[PDB]
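Trainee: Input file: data-v9.cif. Contents: mmCIF, C-alpha atoms.
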data_input
loop_
_atom_site.label_atom_id
_atom_site.label_comp_id
_atom_site.auth_asym_id
_atom_site.auth_seq_id
_atom_site.Cartn_x
_atom_site.Cartn_y
_atom_site.Cartn_z
CA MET A 1 47.10 123.55 128.98
CA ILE A 2 46.64 120.74 126.47
CA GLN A 3 47.98 117.56 128.09
CA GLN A 4 47.14 113.85 128.31
CA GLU A 5 43.39 113.27 128.20
CA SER A 6 42.62 116.75 126.89
CA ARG A 7 39.85 116.73 124.26
CA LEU A 8 40.55 118.55 121.00
CA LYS A 9 38.15 119.59 118.24
CA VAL A 10 39.20 118.46 114.77
CA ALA A 11 39.47 121.33 112.27
CA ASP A 12 39.40 119.24 109.08
CA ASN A 13 37.10 117.05 107.03
CA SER A 14 38.93 113.77 107.78
CA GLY A 15 35.83 112.39 109.51
CA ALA A 16 37.14 112.72 113.07
CA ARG A 17 35.12 115.12 115.20
CA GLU A 18 37.00 115.04 118.51
CA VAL A 19 40.17 113.37 119.80
CA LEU A 20 41.57 112.62 123.23
CA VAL A 21 45.29 113.30 123.80
CA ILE A 22 47.47 110.34 124.77
CA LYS A 23 50.91 111.95 124.59
CA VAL A 24 52.78 114.99 123.28
CA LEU A 25 55.54 114.07 120.85
CA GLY A 26 59.02 115.57 120.99
CA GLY A 27 60.98 113.72 123.64
CA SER A 28 60.91 112.44 127.20
CA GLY A 29 59.55 115.15 129.47
CA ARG A 30 57.14 116.81 127.05
CA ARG A 31 53.75 117.19 128.72
CA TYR A 32 51.99 120.22 127.24
CA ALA A 33 51.08 120.99 123.67
CA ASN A 34 50.65 124.33 121.99
CA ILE A 35 50.42 125.44 118.35
CA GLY A 36 52.67 123.42 116.10
CA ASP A 37 53.12 120.47 118.43
CA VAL A 38 52.12 116.99 117.36
CA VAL A 39 50.08 114.73 119.61
CA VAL A 40 49.18 111.06 119.51
CA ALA A 41 45.45 110.75 120.21
CA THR A 42 42.47 108.43 120.10
CA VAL A 43 39.43 109.36 117.99
CA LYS A 44 36.62 110.04 120.45
CA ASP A 45 33.89 110.90 117.95
CA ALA A 46 33.77 110.49 114.18
CA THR A 47 31.15 110.54 111.39
CA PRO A 48 29.89 106.96 110.83
CA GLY A 49 31.05 105.02 107.79
CA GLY A 50 34.16 107.15 107.29
CA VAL A 51 37.90 106.55 106.78
CA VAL A 52 38.66 107.45 110.39
CA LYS A 53 36.89 105.51 113.14
CA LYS A 54 36.15 105.84 116.86
CA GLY A 55 38.81 104.26 119.03
CA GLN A 56 41.54 104.56 116.38
CA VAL A 57 44.88 106.13 117.25
CA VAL A 58 46.01 109.02 115.06
CA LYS A 59 48.68 111.75 115.01
CA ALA A 60 47.48 115.35 114.86
CA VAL A 61 49.08 118.80 114.85
CA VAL A 62 47.62 121.49 117.15
CA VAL A 63 46.51 124.51 115.10
CA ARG A 64 44.52 126.60 117.60
CA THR A 65 44.79 126.84 121.38
CA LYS A 66 43.04 128.78 124.12
CA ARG A 67 46.47 129.32 125.76
CA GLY A 68 47.83 131.04 122.65
CA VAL A 69 51.34 132.22 121.80
CA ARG A 70 53.46 135.30 122.50
CA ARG A 71 55.11 136.66 119.38
CA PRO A 72 58.52 138.36 118.74
CA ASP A 73 56.75 141.60 117.72
CA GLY A 74 55.02 141.97 121.09
CA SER A 75 51.67 140.58 119.98
CA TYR A 76 49.88 137.68 121.65
CA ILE A 77 47.35 135.55 119.77
CA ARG A 78 44.90 133.03 121.24
CA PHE A 79 41.73 131.29 120.11
CA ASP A 80 38.43 130.29 121.66
CA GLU A 81 39.05 126.54 121.28
CA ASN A 82 41.77 123.88 121.23
CA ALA A 83 41.77 122.32 117.77
CA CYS A 84 43.96 120.00 115.72
CA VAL A 85 44.35 118.61 112.20
CA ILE A 86 44.93 114.88 111.63
CA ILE A 87 48.16 114.30 109.75
CA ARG A 88 50.14 111.59 108.01
CA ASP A 89 53.75 110.85 108.98
CA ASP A 90 55.07 113.32 106.37
CA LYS A 91 53.06 116.16 108.05
CA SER A 92 50.49 116.32 105.22
CA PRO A 93 46.85 116.47 106.34
CA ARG A 94 44.70 113.36 105.92
CA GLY A 95 41.65 115.49 105.07
CA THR A 96 41.31 117.89 102.14
CA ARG A 97 39.84 120.93 103.88
CA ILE A 98 40.84 122.90 106.95
CA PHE A 99 38.20 124.89 108.86
CA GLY A 100 38.74 128.12 110.71
CA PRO A 101 41.82 130.34 111.07
CA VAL A 102 45.22 128.83 111.91
CA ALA A 103 48.31 130.41 113.50
CA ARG A 104 51.25 131.42 111.31
CA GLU A 105 53.59 129.63 113.77
CA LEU A 106 52.75 126.43 111.85
CA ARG A 107 54.87 127.78 108.98
CA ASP A 108 58.06 127.49 111.11
CA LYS A 109 57.43 123.80 111.82
CA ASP A 110 57.03 122.94 108.13
CA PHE A 111 53.26 122.35 108.04
CA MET A 112 53.13 123.91 104.58
CA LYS A 113 50.12 122.01 103.20
CA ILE A 114 47.95 122.99 106.16
CA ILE A 115 49.02 126.65 105.82
CA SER A 116 48.09 126.54 102.11
CA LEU A 117 44.68 124.94 102.77
CA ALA A 118 43.75 127.21 105.70
CA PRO A 119 40.89 129.71 105.11
CA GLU A 120 43.03 132.33 106.84
CA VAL A 121 46.35 132.46 108.66
CA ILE A 122 46.70 134.91 111.57
CA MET B 1 41.97 149.17 131.13
CA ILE B 2 43.05 152.44 129.54
CA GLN B 3 41.19 155.23 131.36
CA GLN B 4 41.81 158.78 132.63
CA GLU B 5 45.42 159.24 133.73
CA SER B 6 46.64 156.11 131.96
CA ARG B 7 50.05 156.61 130.30
CA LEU B 8 50.37 155.58 126.67
CA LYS B 9 53.49 155.09 124.55
CA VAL B 10 53.45 156.99 121.26
CA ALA B 11 53.99 154.75 118.22
CA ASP B 12 54.91 157.48 115.73
CA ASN B 13 57.62 160.00 114.95
CA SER B 14 55.55 163.09 115.85
CA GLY B 15 57.98 163.95 118.65
CA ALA B 16 55.71 162.90 121.52
CA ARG B 17 57.12 160.03 123.56
CA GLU B 18 54.37 159.43 126.13
CA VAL B 19 50.91 160.88 126.79
CA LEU B 20 48.56 160.91 129.75
CA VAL B 21 44.85 160.24 129.07
CA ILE B 22 42.40 162.98 130.00
CA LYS B 23 39.21 161.57 128.49
CA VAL B 24 37.89 158.95 126.06
CA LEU B 25 35.91 160.47 123.21
CA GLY B 26 32.59 159.09 122.02
CA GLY B 27 29.89 160.38 124.34
CA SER B 28 28.90 160.84 127.96
CA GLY B 29 29.63 157.66 129.87
CA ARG B 30 32.69 156.49 127.94
CA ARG B 31 35.47 155.64 130.38
CA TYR B 32 37.68 152.95 128.84
CA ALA B 33 39.60 152.96 125.59
CA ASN B 34 40.60 150.05 123.42
CA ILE B 35 41.90 149.77 119.86
CA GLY B 36 40.32 152.30 117.55
CA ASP B 37 39.13 154.68 120.25
CA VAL B 38 40.29 158.28 120.30
CA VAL B 39 41.51 159.92 123.48
CA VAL B 40 42.29 163.49 124.45
CA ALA B 41 45.65 163.52 126.23
CA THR B 42 48.46 165.71 127.50
CA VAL B 43 52.00 165.16 126.20
CA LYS B 44 54.01 163.87 129.15
CA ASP B 45 57.37 163.50 127.41
CA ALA B 46 58.56 164.72 124.02
CA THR B 47 61.86 165.19 122.15
CA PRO B 48 63.11 168.77 122.77
CA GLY B 49 62.81 171.37 120.04
CA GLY B 50 60.05 169.50 118.21
CA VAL B 51 56.59 170.31 116.79
CA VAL B 52 54.86 168.67 119.75
CA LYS B 53 55.70 169.90 123.24
CA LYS B 54 55.35 168.74 126.85
CA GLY B 55 52.13 169.89 128.46
CA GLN B 56 50.29 170.27 125.15
CA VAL B 57 46.89 168.65 124.65
CA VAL B 58 46.53 166.35 121.65
CA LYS B 59 44.08 163.79 120.24
CA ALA B 60 45.39 160.27 119.66
CA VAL B 61 43.97 156.97 118.43
CA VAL B 62 44.80 153.79 120.40
CA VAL B 63 46.54 151.26 118.15
CA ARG B 64 47.80 148.60 120.59
CA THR B 65 46.47 147.56 123.98
CA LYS B 66 47.42 145.00 126.61
CA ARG B 67 43.69 144.23 127.04
CA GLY B 68 43.33 143.28 123.37
CA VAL B 69 40.25 142.43 121.32
CA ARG B 70 38.12 139.34 120.69
CA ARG B 71 37.48 138.75 117.00
CA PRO B 72 34.45 137.34 115.06
CA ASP B 73 36.54 134.35 113.90
CA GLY B 74 37.25 133.19 117.46
CA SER B 75 40.73 134.68 117.69
CA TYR B 76 41.87 137.09 120.39
CA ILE B 77 44.76 139.49 119.83
CA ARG B 78 46.61 141.55 122.46
CA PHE B 79 49.91 143.39 122.70
CA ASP B 80 52.60 143.92 125.31
CA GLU B 81 51.98 147.68 125.60
CA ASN B 82 49.31 150.37 125.36
CA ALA B 83 50.25 152.66 122.47
CA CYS B 84 48.66 155.44 120.45
CA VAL B 85 49.25 157.58 117.35
CA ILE B 86 48.74 161.36 117.47
CA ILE B 87 46.16 162.44 114.93
CA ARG B 88 44.68 165.53 113.33
CA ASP B 89 40.92 166.16 113.36
CA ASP B 90 40.49 164.37 110.00
CA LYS B 91 42.02 161.16 111.52
CA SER B 92 45.29 161.54 109.59
CA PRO B 93 48.47 161.04 111.64
CA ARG B 94 50.54 164.09 112.55
CA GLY B 95 53.78 162.10 112.16
CA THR B 96 55.03 160.39 109.00
CA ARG B 97 56.03 157.00 110.37
CA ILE B 98 54.26 154.43 112.52
CA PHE B 99 56.30 151.99 114.62
CA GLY B 100 55.36 148.45 115.48
CA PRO B 101 52.38 146.31 114.45
CA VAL B 102 48.83 147.71 114.59
CA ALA B 103 45.48 145.92 114.84
CA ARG B 104 43.31 145.50 111.73
CA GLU B 105 40.31 146.79 113.75
CA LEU B 106 41.56 150.30 112.90
CA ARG B 107 40.40 149.68 109.32
CA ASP B 108 36.72 149.61 110.46
CA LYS B 109 37.00 153.03 112.11
CA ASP B 110 38.42 154.67 108.97
CA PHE B 111 42.03 155.13 110.10
CA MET B 112 43.20 154.37 106.57
CA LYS B 113 46.41 156.43 106.56
CA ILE B 114 47.68 154.75 109.73
CA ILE B 115 46.87 151.30 108.30
CA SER B 116 48.82 152.18 105.13
CA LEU B 117 51.85 153.49 107.08
CA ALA B 118 51.97 150.60 109.57
CA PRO B 119 54.96 148.19 109.30
CA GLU B 120 52.50 145.34 109.72
CA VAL B 121 48.80 144.92 110.43
CA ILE B 122 47.71 141.90 112.52
#
Can you give me the file's structure in the form of structure tokens?

Mentor:
Amino acid sequence: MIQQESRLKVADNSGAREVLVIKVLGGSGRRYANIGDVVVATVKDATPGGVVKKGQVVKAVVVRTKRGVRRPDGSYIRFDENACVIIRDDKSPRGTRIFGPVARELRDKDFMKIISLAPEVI
Amino acid sequence: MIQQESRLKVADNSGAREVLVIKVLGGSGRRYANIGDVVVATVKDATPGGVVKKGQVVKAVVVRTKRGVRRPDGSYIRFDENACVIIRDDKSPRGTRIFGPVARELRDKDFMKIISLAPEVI
């Protein structure tokens, strides 16, 4: 499960390439993140000369997980990687493009801009 | 995995309630069925007085499996049950209604009527 020190791929064009989880937001006791959760993380790798830099602390929403989610209709969806999108405090993405499919569960948590920018929603 | 003697729920209103797999169609050597495969089965349970009866042999396409499928985009989809739809030789469903979500993979195998009747395609 995604927890502190887990490495996440970045599914956007913000400049960040990989982040390392520091904590899962949402209250004392939260330890594991799944789709829709917001994490505080440090940028592990980034493209040089960009807006986001290595070592910087950012907030990111998880958009794909290997663990996946069980749905009300009996379906279960999972992905082949743990990925996130770097966001501002108002939940809007810092980048302008989202790469790869994202889970529809994001819609329930009000990540509307990400859902609109996503290539496909599953 | 779905194989000979596996019991499958019927996701249609044909009258059949559960079937028992006899064989997986597709050539010598085929043993396991997943979404899109066609099986020959015996009706195990059916509503009395209907068009389909207990003990009868039917052909059915698998529309939901607990095993699931890995997709080209990195997603993996599975369901909480193994279900099928009873079909005629031309792939058209014998019933007039399909219950529950069905996998989009059915589209590749030309099960167009089922895809159109499905409540939702995932």

Trainee: Within 7 Å of residue 60 in chain B, counting all atoms listed in the file, which residues qualify if same-chain residues fewer than 5 places away don't, as a list in words?

Mentor: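 Selected residues are residues 38, 39, 40, 84, 85, 86 and 87 of chain B.
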
Trainee: Could you give me the axis-aligned bounding box of range 85-97 of chain A, with 4 Å of padding per side, as centre plus edge lengths in Å to one decimal, as AutoDock Vina command-line options?

Mentor:
--center_x 47.5 --center_y 115.9 --center_z 107.2 --size_x 23.2 --size_y 18.1 --size_z 18.1

Trainee: Quick one: which residues from chain A are at most 9 Å off chain B, using all atoms listed in the file, as a PyMOL selection string?

Mentor: chain A and resi 64+68+70+73-81+100-101+122

Trainee: Those same residues, written as a short mmCIF file (atom, residue, chain, number, x, y, z; two decimals), keeping the file's coordinate frame with C-alpha atoms?

Mentor:
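The file below, result.cif, is the result:
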data_model
loop_
_atom_site.label_atom_id
_atom_site.label_comp_id
_atom_site.auth_asym_id
_atom_site.auth_seq_id
_atom_site.Cartn_x
_atom_site.Cartn_y
_atom_site.Cartn_z
CA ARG A 64 44.52 126.60 117.60
CA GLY A 68 47.83 131.04 122.65
CA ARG A 70 53.46 135.30 122.50
CA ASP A 73 56.75 141.60 117.72
CA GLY A 74 55.02 141.97 121.09
CA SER A 75 51.67 140.58 119.98
CA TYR A 76 49.88 137.68 121.65
CA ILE A 77 47.35 135.55 119.77
CA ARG A 78 44.90 133.03 121.24
CA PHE A 79 41.73 131.29 120.11
CA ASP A 80 38.43 130.29 121.66
CA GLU A 81 39.05 126.54 121.28
CA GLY A 100 38.74 128.12 110.71
CA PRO A 101 41.82 130.34 111.07
CA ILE A 122 46.70 134.91 111.57
#

Trainee: A:28, A:47, A:52, A:62: which is nearest residue 2 in chain A, counting only C-alpha atoms?

Mentor: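 So, comparing all the options, the nearest one is A:62.
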
Trainee: So which one's closest to residue 97 in chain A, A:15, A:20, A:9, A:56? Using only C-alpha atoms, please.

Mentor: A:15

Trainee: What is the CA of residue 27 in chain B-CA of residue 94 in chain B distance in Å, reported with one decimal?

Mentor: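 Taking CA of residue 27 in chain B as the start and CA of residue 94 in chain B as the end point, the length is 24.1 Å.
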
Trainee: Determine the residue set returned by the PyMOL selection byres ((chain A and resi 96) around 10) for the present structure, and present it as an MDAnalysis selection string.

Mentor: chainID A and resid 12:14 92:95 97:98 113:114 117

Trainee: Starting from the shown file, work through the PyMOL selection byres ((chain A and resi 42) around 10) and note down what comes out as a list in words.

Mentor: residues 5, 7, 16, 18, 19, 20, 21, 22, 39, 40, 41, 43, 44, 45, 53, 54, 55, 56, 57, 58 and 59 of chain A

Trainee: Using CA of residue 37 in chain A and CA of residue 109 in chain A as the two end points, give the distance in Å to one decimal.

Mentor: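 Going from CA of residue 37 in chain A over to CA of residue 109 in chain A covers 8.6 Å.
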
Trainee: Please measure the separation of CA of residue 88 in chain B and CA of residue 36 in chain B, giving the value in Å to one decimal.

Mentor: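 CA of residue 88 in chain B sits 14.6 Å away from CA of residue 36 in chain B.
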
Trainee: (52.0, 118.5, 133.7) in this file's frame - what residues fall within 7 Å of it? Use all atoms listed in the file and give the answer as an NGL selection string.

Mentor: :A and (3 or 31-32)

Trainee: For the residues in that selection, give me C-alpha atoms as a CSV table (one decimal), in the coordinates of the input.

Mentor:
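Here's the written file selection-v6.csv:
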chain,number,residue,atom,x,y,z
A,3,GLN,CA,48.0,117.6,128.1
A,31,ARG,CA,53.8,117.2,128.7
A,32,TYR,CA,52.0,120.2,127.2

Trainee: B:11, B:1, B:69, B:24: which is nearest residue 118 in chain B, counting only C-alpha atoms?

Mentor: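 Of B:11, B:1, B:69, B:24, the one nearest residue 118 in chain B, counting only C-alpha atoms, is B:11.
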
Trainee: Any chance you could export range 56-105 of chain B with C-alpha atoms, as a PDB file, in the first residue's frame?

Mentor:
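Final output, part_26.pdb:
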ATOM      1  CA  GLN B  56     -30.817 -28.243 -21.454  1.00  0.00           C
ATOM      2  CA  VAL B  57     -27.524 -27.515 -23.199  1.00  0.00           C
ATOM      3  CA  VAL B  58     -26.932 -23.918 -24.263  1.00  0.00           C
ATOM      4  CA  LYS B  59     -24.099 -21.709 -25.553  1.00  0.00           C
ATOM      5  CA  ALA B  60     -23.218 -18.639 -23.490  1.00  0.00           C
ATOM      6  CA  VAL B  61     -20.660 -15.832 -23.668  1.00  0.00           C
ATOM      7  CA  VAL B  62     -18.759 -14.899 -20.476  1.00  0.00           C
ATOM      8  CA  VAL B  63     -19.341 -11.227 -19.623  1.00  0.00           C
ATOM      9  CA  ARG B  64     -17.907 -10.889 -16.100  1.00  0.00           C
ATOM     10  CA  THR B  65     -15.168 -12.852 -14.364  1.00  0.00           C
ATOM     11  CA  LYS B  66     -13.506 -12.775 -10.959  1.00  0.00           C
ATOM     12  CA  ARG B  67     -10.149 -13.351 -12.720  1.00  0.00           C
ATOM     13  CA  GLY B  68     -10.566 -10.195 -14.811  1.00  0.00           C
ATOM     14  CA  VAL B  69      -8.478  -8.818 -17.675  1.00  0.00           C
ATOM     15  CA  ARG B  70      -5.318  -6.735 -18.029  1.00  0.00           C
ATOM     16  CA  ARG B  71      -5.740  -3.870 -20.474  1.00  0.00           C
ATOM     17  CA  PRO B  72      -3.329  -2.188 -22.981  1.00  0.00           C
ATOM     18  CA  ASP B  73      -3.529   1.098 -21.018  1.00  0.00           C
ATOM     19  CA  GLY B  74      -2.184  -0.479 -17.821  1.00  0.00           C
ATOM     20  CA  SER B  75      -5.547  -0.917 -16.131  1.00  0.00           C
ATOM     21  CA  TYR B  76      -6.885  -4.210 -14.807  1.00  0.00           C
ATOM     22  CA  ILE B  77     -10.610  -4.833 -14.397  1.00  0.00           C
ATOM     23  CA  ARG B  78     -12.293  -7.691 -12.511  1.00  0.00           C
ATOM     24  CA  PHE B  79     -15.727  -8.411 -11.084  1.00  0.00           C
ATOM     25  CA  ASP B  80     -17.146 -10.036  -7.983  1.00  0.00           C
ATOM     26  CA  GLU B  81     -18.781 -12.917  -9.889  1.00  0.00           C
ATOM     27  CA  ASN B  82     -18.446 -15.134 -12.958  1.00  0.00           C
ATOM     28  CA  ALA B  83     -21.445 -14.443 -15.193  1.00  0.00           C
ATOM     29  CA  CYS B  84     -22.566 -15.234 -18.728  1.00  0.00           C
ATOM     30  CA  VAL B  85     -25.293 -14.374 -21.246  1.00  0.00           C
ATOM     31  CA  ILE B  86     -27.072 -17.125 -23.202  1.00  0.00           C
ATOM     32  CA  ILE B  87     -26.647 -16.607 -26.926  1.00  0.00           C
ATOM     33  CA  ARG B  88     -27.887 -17.884 -30.263  1.00  0.00           C
ATOM     34  CA  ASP B  89     -25.452 -19.119 -32.927  1.00  0.00           C
ATOM     35  CA  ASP B  90     -25.215 -15.632 -34.488  1.00  0.00           C
ATOM     36  CA  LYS B  91     -23.980 -14.212 -31.114  1.00  0.00           C
ATOM     37  CA  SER B  92     -27.276 -12.416 -30.405  1.00  0.00           C
ATOM     38  CA  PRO B  93     -28.639 -12.852 -26.871  1.00  0.00           C
ATOM     39  CA  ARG B  94     -31.645 -15.117 -26.360  1.00  0.00           C
ATOM     40  CA  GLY B  95     -33.016 -12.816 -23.643  1.00  0.00           C
ATOM     41  CA  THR B  96     -34.013  -9.170 -24.046  1.00  0.00           C
ATOM     42  CA  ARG B  97     -32.322  -7.630 -21.014  1.00  0.00           C
ATOM     43  CA  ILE B  98     -28.792  -7.781 -19.644  1.00  0.00           C
ATOM     44  CA  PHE B  99     -28.182  -7.179 -15.929  1.00  0.00           C
ATOM     45  CA  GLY B 100     -25.131  -5.587 -14.396  1.00  0.00           C
ATOM     46  CA  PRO B 101     -22.025  -4.045 -15.974  1.00  0.00           C
ATOM     47  CA  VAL B 102     -20.170  -5.832 -18.783  1.00  0.00           C
ATOM     48  CA  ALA B 103     -16.557  -5.509 -19.958  1.00  0.00           C
ATOM     49  CA  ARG B 104     -15.758  -3.493 -23.087  1.00  0.00           C
ATOM     50  CA  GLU B 105     -13.608  -6.418 -24.328  1.00  0.00           C
TER      51      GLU B 105
END
